[PDB]
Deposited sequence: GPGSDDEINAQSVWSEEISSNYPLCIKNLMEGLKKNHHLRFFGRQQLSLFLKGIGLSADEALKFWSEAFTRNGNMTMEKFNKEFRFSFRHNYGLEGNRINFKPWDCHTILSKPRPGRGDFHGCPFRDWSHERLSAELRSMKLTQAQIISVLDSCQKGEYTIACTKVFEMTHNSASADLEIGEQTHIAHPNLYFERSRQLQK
């Protein structure tokens, strides 16, 4: 827990290793203090996969959902705590839910307005992808290549390109582990 914990998953150091879908889910969680079912699962299970303990997860999710009076701790405990515990098996269900790979994520129903699950390389506009990638210090040429992949429907290749351009068999947790190790 000294490395991956409820507080460190909000740090720049750890979050620099997230792929765009996880970055998007964290941003929606930060802005809205809530995520709908599909994004709640995609993000909760990705964090379980990178080693966030069950105890630190309940800290992370309860703090994020109750921020700025968005809901009382009571409402969190009555309406969400069970669902988050179930993702770790804490309520006695003997299923160890596995993190979603890219194919699984792309296969979920496409996000609509207010949703943050899915794959930004498919689900975002070029304008929104361009700005996000500019903010990650990518150049014009580099962004055009990434978008070429997006236009061909080759989302996991576009993601791989972004990994390659931001560092000096398709799975968000694999992106995280590969990026974290280059960070060490």
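Absent C-alpha positions map to the deposited sequence ranges 1-4, 173-185, in order along the chain.
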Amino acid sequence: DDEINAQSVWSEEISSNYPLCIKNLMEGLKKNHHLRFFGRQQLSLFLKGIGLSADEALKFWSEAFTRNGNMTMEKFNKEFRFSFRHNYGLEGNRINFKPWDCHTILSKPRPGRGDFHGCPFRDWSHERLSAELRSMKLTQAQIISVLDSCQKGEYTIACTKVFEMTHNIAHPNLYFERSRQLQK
From here on, numbers count along this sequence of modelled residues.
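Comparing 76-84 with 89-97, the stretch with the higher mean C-alpha B-factor in the PDB entry is 89-97. The mean C-alpha temperature factor is higher for 132-140 when 29-37 and 132-140 are set side by side. Ranking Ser44, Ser53, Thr156, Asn70 by the C-alpha B-factor listed in the PDB entry places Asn70 at the top. Within the group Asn168, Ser11, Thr160, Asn24, the record's highest C-alpha temperature factor is found at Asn168. Annotation for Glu63: C-alpha temperature factor in the middle third relative to the rest of the modelled chain, per the entry.
When the modelled residues of the chain are ordered by their C-alpha B factor, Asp123 lands in the middle third. Ranked by Cα temperature factor within the chain, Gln7 sits in the lowest third according to the deposited record.
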